[PDB]
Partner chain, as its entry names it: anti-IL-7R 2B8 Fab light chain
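Only one chain is given next, in structure tokens, and it is the form solved without its partner chain.
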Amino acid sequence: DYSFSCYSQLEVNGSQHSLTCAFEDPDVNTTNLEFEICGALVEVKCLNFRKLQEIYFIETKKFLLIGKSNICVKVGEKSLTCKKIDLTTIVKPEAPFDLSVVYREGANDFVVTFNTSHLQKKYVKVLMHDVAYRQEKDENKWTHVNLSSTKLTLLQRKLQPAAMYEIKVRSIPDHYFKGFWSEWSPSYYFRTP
């Protein structure tokens, strides 16, 4: 079996996009395998993936982003398994940054704010953010809040007092483009009064 998944990042570096694919099952030593993609491309007809460590991927500006394209696993010449994908559906956004919580003794709440480089982009602009936070007492028990802007607020009396909280955010394409979740933004730790 040669199952594999792939995620694209539009305008990742400047105006160039990336495409990263991986093999589902962790195995096969220094494989004679290599990846390729055709269709939905411009200047060229097909492009050759590079191969770094254990992952394969490319960085072009050549993605048309209209209609599907053929991504096939190949050895020398022998084509094995292919897969017609529409890169605008497998978009993994860049993680949010500048996360920060501010406490206002005036209104008795916690203002969560963060930034995303997707706001200044041309394609994947609209995102759907997911703020998650757990308590020191608990471990794998997080509570998510699905926002749509870069500012959230949590009222004092909504979570333990004298409690220390860990908070983080991630993003996802929420509009025309579809895809997976972004990595998590580094965590912020603050203590409750």
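Numbering follows the first chain given and starts at 1.
The discussion below concerns the form solved in complex with its partner chain, not included here.
> Mark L99 yes when one of its heavy atoms lies within 4.5 Å of a heavy atom of its partner chain in the deposited complex, and no otherwise.
Yes, contact at 4.5 Å.
> Check whether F4 has any heavy atom within 4.5 Å of a heavy atom of its partner chain in the deposited complex, and answer yes or no.
No, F4 is distant from the partner.
> Taking the shortest heavy atom distance, is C82 within 4.5 Å of its partner chain in the deposited complex?
Taking the distances in the deposited complex, the answer for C82 is no, it never comes within 4.5 Å of its partner chain.
> Classify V111 as contacting or not contacting its partner chain in the deposited complex by the rule of any non-hydrogen atom within 4.5 angstroms, answering yes or no.
Output for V111 is yes: heavy atoms within 4.5 Å of its partner chain.
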